[PDB]
Amino acid sequence: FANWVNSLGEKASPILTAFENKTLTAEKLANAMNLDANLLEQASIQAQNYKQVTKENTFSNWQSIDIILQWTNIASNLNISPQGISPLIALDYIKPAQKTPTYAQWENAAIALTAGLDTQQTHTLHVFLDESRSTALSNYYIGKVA
Amino acid sequence: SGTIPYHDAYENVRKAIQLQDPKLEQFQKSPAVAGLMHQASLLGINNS
Amino acid sequence: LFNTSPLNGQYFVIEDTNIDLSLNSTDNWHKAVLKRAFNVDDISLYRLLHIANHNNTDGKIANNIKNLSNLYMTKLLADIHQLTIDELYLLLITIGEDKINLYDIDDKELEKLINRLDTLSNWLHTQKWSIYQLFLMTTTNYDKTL
């Protein structure tokens, strides 16, 4: 918490006394981090979709704020808005063991992960995907089509 | 075939993840989102 | 601009369909080709939409060439001075041109607007200021917190 306050720095007094009251909002919080407010809004909504971050203490609890910060950190890693990380986690093998994911869901998550990449990573991705499709097609061809 | 399955979109997913974050430091450093996903999925990242 | 490389072997076809750029869309490769060409994530694209047109009520835009031209131009305006999307948004606020839309603008007025942005940008490069400094020294919105 002290490292978070030191990360804030200059705007610390108004945001700490807004946290001291129960009226702390996402919008004042985003301005101290130079971040777009809709990102924090969607991170809060995605945490509310999962196990509880209660809509009252969604910015009154420090723990809730830390959880939403972890959502923003993992969104900052993949460079993807955190509603795209929701079906990613919903593509688990055993967690939706009722609803087995279809191929199109894998496609929609894969293209969302694909869009976030830069030039060296996308060249290396084309290299590896073409090398995989080579031995993927070749062994099936030998098996059935030849 | 003696070496496959091959799920193409899945290989796209797992290499996109391995190019973003090696060693899952950003993932398991923040343990709440690790509390979301089961470990069986996390086996699916480094191993195909 | 778009189709090198061909995303999933598919060509981006000009059509009459809508592409919903709202942040809760979860859309197809139509959104992915925009994110690839404009080098942008979901949220900053959603901001870029309301920057290009404050009269858009949602994310759904037509697939004609003209909305594409609007989006590409309002991206280039931040690109030539090397800013982000929200930095361009704050820039249009702090110059006072926030209310006007680029969807319909006279070419002389557009020229004059580019000259104003270039004058302001070059003057900030002479002053060595952040855009946050200018926004904080220019804002009329004051926070209400004891």
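Listed in order, the protein sequences are those of chains U, V and X. Heads up: the first sequence runs through residues 682 to 827, numbered per the authors' numbering. Heads up: the second sequence runs through residues 196 to 243, numbered per the authors' numbering. Heads up: the third sequence runs through residues 390 to 535, numbered per the authors' numbering. Just so you know, even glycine gets a beta-carbon here, dropped at the ideal spot from N, CA and C.
Under 8 Å between the Cβ atoms of residue 749 of chain U and residue 716 of chain U?
Mapped onto the first sequence, residue 749 of chain U falls at position 68. Mapped onto the first sequence, residue 716 of chain U falls at position 35. Cβ atoms of residue 749 of chain U and residue 716 of chain U: not closer than 8 Å.
Nearest-angstrom Cα distance between residue 435 of chain X and residue 441 of chain X?
For the purposes of this step, residue 435 of chain X is identified with residue 46 of the third sequence, where counting begins at 1. For the purposes of this step, residue 441 of chain X is identified with residue 52 of the third sequence, where counting begins at 1. So the alpha carbons of these two residues sit roughly 10 Å apart.
Would you mind telling me which residues of chain X sit closer than 7 Å to residue 720 of chain U, beta carbon to beta carbon, in chain order?
For the purposes of this step, residue 720 of chain U is taken as the residue at position 39 of the first sequence. Going along chain X in sequence order, the residues near residue 720 of chain U (Cβ under 7 Å) are 432.
Measuring straight from C-alpha to C-alpha, what distance separates residue 200 of chain V and residue 813 of chain U?
For the purposes of this step, residue 200 of chain V is identified with residue 5 of the second sequence, where counting begins at 1. For the purposes of this step, residue 813 of chain U is identified with residue 132 of the first sequence, where counting begins at 1. Taking the straight line joining both Cα atoms gives about 11 Å.
Using the C-alpha atoms, what's the distance from residue 443 of chain X back to residue 776 of chain U?
Residue mapping note: residue 776 of chain U aligns to position 95 of the first sequence, counting from 1. Residue mapping note: residue 443 of chain X aligns to position 54 of the third sequence, counting from 1. When rounded, the distance between both Cα atoms is 42 Å.
Residues of its chain near residue 727 of chain U, where Cβ-Cβ distance is below 7 Å and the 5 sequence neighbours each way are ignored
Counting from one through the first sequence, the residue named residue 727 of chain U turns up at place 46. Closer than 7 Å at Cβ, skipping near neighbours: 752, 763, 764 and 767.
For residue 454 of chain X, I'd like the list of residues in its chain whose CB is within less than 7 Å of its CB, leaving aside the five on either flank, ordered along the chain.
For the purposes of this step, residue 454 of chain X is taken as the residue at position 65 of the third sequence. Only 403 meet the Cβ criterion.
Segment limits, alpha helix (DSSP H) that includes residue 462 of chain X:
The residue labelled residue 462 of chain X in the question sits at position 73 within the third sequence. Its alpha helix (DSSP H) spans residues 454-468.
Whose C-beta lies closer than 7 Å to the C-beta of residue 223 of chain V among residues of the same chain, with five residues either side of it excluded?
Taking the first residue of the second sequence as 1, we reach residue 223 of chain V at position 28. For residue 223 of chain V, where only same-chain residues beyond five positions count, the Cβ hits under 7 Å are 229.
Beta-carbon separation (whole angstroms), residue 754 of chain U vs residue 745 of chain U, contact threshold 8 Å:
In the first sequence, the residue the question calls residue 754 of chain U occupies position 73. In the first sequence, the residue the question calls residue 745 of chain U occupies position 64. With a Cβ gap of about 15 Å, residue 754 of chain U and residue 745 of chain U do not count as contacting.
For residue 726 of chain U, name the three-state secondary structure that DSSP assigns.
Along the first sequence, one-based indexing puts residue 726 of chain U at 45. Helix, per DSSP.
Listed from N- to C-terminal order along the chain, which residues in the segment 790-804 of chain U have their beta-carbon within a distance smaller than 7 Å of any beta-carbon of chain V?
790, 791, 794, 795, 798 and 802
Selected residue, minimal CA-CA separation from residue 528 of chain X, among X:394, X:465, X:484 and X:448
On the third sequence, residue 528 of chain X is found 139 positions in, with the first residue counted as 1. Checked all of X:394, X:465, X:484 and X:448; the closest Cα to residue 528 of chain X is X:484.
List, in chain order, every chain U residue whose beta-carbon is nearer than 8 Å to that of residue 214 of chain V.
Along the second sequence, read from residue 1 onward, the residue named residue 214 of chain V stands at position 19. Those within 8 Å of residue 214 of chain V in chain U are 798, 802, 805 and 806.
Out of V:226, V:233 and V:207, state which residue places its alpha-carbon closest to the alpha-carbon of residue 396 of chain X.
Position 7 of the third sequence holds residue 396 of chain X. Looking at the Cα atoms, V:207 is the closest of the given residues.
Can you give me the C-alpha to C-alpha distance between residue 706 of chain U and residue 531 of chain X, rounded to a whole angstrom?
Along the first sequence, read from residue 1 onward, the residue named residue 706 of chain U stands at position 25. Along the third sequence, read from residue 1 onward, the residue named residue 531 of chain X stands at position 142. Rounded to the nearest angstrom, the two C-alpha atoms are 16 Å apart.
Drop a sphere of 10 angstroms on the beta-carbon of residue 799 of chain U, count the other beta-carbons inside from all chains shown, and report buried for 16 or more, exposed for fewer.
Locating residue 799 of chain U in the first sequence gives position 118, counting from the first residue. The residue in question, residue 799 of chain U, is exposed, as its Cβ has fewer than 16 Cβ neighbours within 10 Å.
When burial is assigned at 16 or more other CB atoms within 10 Å of the CB, is residue 740 of chain U buried or exposed?
Your numbering for residue 740 of chain U matches position 59 in the first sequence. Looking at its Cβ environment, which holds 16 or more other Cβ atoms inside 10 Å, residue 740 of chain U is buried.
Grouping DSSP H, G and I as helix and E and B as strand, with all else coil, what is residue 532 of chain X?
Here residue 532 of chain X refers to the residue found at position 143 when the third sequence is read from its first residue. Reduced to three states, the DSSP call for residue 532 of chain X is coil.
So is residue 815 of chain U buried or exposed if we call it buried at 16+ other beta carbons inside 10 Å?
Looking up residue 815 of chain U in the first sequence gives position 134. Exposed, because fewer than 16 other Cβ atoms sit within 10 Å of the Cβ of residue 815 of chain U.
According to DSSP, is residue 449 of chain X part of a helix, a strand, or is it coil?
Here residue 449 of chain X corresponds to residue number 60 of the third sequence, with the count starting at 1. Correct three-state label for residue 449 of chain X: strand.
Can you find a CB in chain V that lies within less than 8 Å of the CB of residue 752 of chain U?
Looking up residue 752 of chain U in the first sequence gives position 71. By this cut-off, residue 752 of chain U is an interface position.
Across the segment 785-798 of chain U and the segment 815-827 of chain U, are there enough close Cβ pairs to call them in contact, namely three or more that are closer than 8 Å?
no
Selection from X:460, X:476, X:503 and X:392 that minimises the alpha carbon distance to residue 381 of chain X
No information on residue 381 of chain X is available, as it lies outside the stretch 390 to 535 that chain X covers here.
Taking Cβ positions only, does residue 765 of chain U come closer than 8 Å to chain A?
As a matter of chain content, chain A is missing from the structure shown, whose protein chains are U, V and X.
Using only the alpha-carbon positions, how far apart do residue 761 of chain U and residue 417 of chain X sit?
For this step, residue 761 of chain U is matched to residue 80 along the first sequence. For this step, residue 417 of chain X is matched to residue 28 along the third sequence. Roughly 15 Å separates the two Cα atoms.
Is it buried or exposed, residue 686 of chain U, if we count other Cβ atoms within 10 angstroms and call 16 or more buried?
Residue mapping note: residue 686 of chain U aligns to position 5 of the first sequence, counting from 1. Label assigned to residue 686 of chain U: exposed.
Look up residue 775 of chain U in the DSSP assignment and say whether it is helix, strand or coil.
Numbered from its first residue, the first sequence carries residue 775 of chain U at position 94. Residue state, collapsed to three classes: coil.
Opening and closing residue of the alpha helix (DSSP H) in which residue 240 of chain V lies
By one-based count along the second sequence, residue 240 of chain V stands at place 45. 234-241 is the extent of the alpha helix (DSSP H) around residue 240 of chain V.
How far does the alpha helix (DSSP H) with residue 479 of chain X in it reach, from first residue to last?
For this step, residue 479 of chain X is matched to residue 90 along the third sequence. Per DSSP, residue 479 of chain X belongs to the alpha helix (DSSP H) from 474-484.
In the segment 391-415 of chain X, which residues sit with their C-beta less than 8 Å from some C-beta in chain U, listed in chain order?
394, 396, 397, 412, 413 and 415
Short CB-CB distance (under 8 Å) between residue 218 of chain V and chain U:
Here residue 218 of chain V is taken as the residue at index 23 of the second sequence, counted from 1. Closer than 8 Å: no.
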